[PDB]
């Protein structure tokens, strides 16, 4: 039962990250992010993104989305996003809670990526009608929930659509490092250079304990996010224990190394499974998330052998396999050999 591909949050934290917390719990520090360790992490993130920004460390990626969307969306506003996006399905209405009831309008798109024409139509729809909610913000997940990745030309176009229609762009980066490692571009080209204004920098699924970051590029919303982070109960007094994780998460490119390894194990797992006759991939994997089609008997037999994964959410035969930074080749190859015998 120890071989699981349900999610990347089942894994523990990196040894370098837990040791940073043990080295941080020394002496006294000014609470609520006014310490020296938090200032170093914000300055380090500025050099990584090659621009000025403001750090808002939060304990949950869902809170990183809800606080970000609340600073940009008025209660009468609308948040354009994908139907399968995380803010629309697996947050228990956390955006609707923080935005004081702003509506989330699902926009058509393939492979978890917003279609540019469908986004422009949704943005201009009923603009000027007092009887309708007004689209103000667009949310894109990078990497997407279905294991796909926006390319640089796909991100730049969405940003331009936001510019032309007066919309704000928020990037859900719970698996940000997986998309960055698969493209090899700089973090700036994948964020603010493409038009992203607020970024939900995710680190928990990539090796941290709970240290998530709201990376704000448009500092005009700084007062909003700061007040809304405290108002939501996400301003921790002993902040240095969340910035200790992020400091080790960014040191020596540990975050890039962890994400690269997770993407390799997923490509190895998808290669071994798609080679089977009765198994097919819904799309070639680009991150650490795999969506494949297996015969229904193969799903039940694999779960009966101890393998844990997510099924029966996206239809019949659809199985989601997610690797982590701590996934070993033995775990991947064992899952391949087990499904091969059933084939």
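Positions refer to the first chain, counted from 1.
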Open item on the list: Quick check on the record: does 156 to 164 or 69 to 77 carry the larger mean Cα temperature factor?
Closed with: 156 to 164
TODO: Could you settle it for me: does 115 to 123 or 98 to 106 have the higher average Cα B factor in the PDB entry?
DONE: 115 to 123
TODO: Going by the recorded CA B-factors, say which third of the chain residue 282 sits in, lowest, middle or highest.
DONE: middle
Task: For residue 332, the third of its chain into which the C-alpha B factor falls - done: middle
Task: residue 139 by Cα B-factor - lowest, middle or highest third of the modelled chain - done: highest
TODO: Would you please rank residue 226 by its C-alpha temperature factor against the other modelled residues of its chain and give the third it falls in: lowest, middle or highest?
DONE: lowest
- [ ] Ordered by C-alpha B-factor within the chain, which third holds residue 241? Give me lowest, middle or highest, please.
- [x] highest
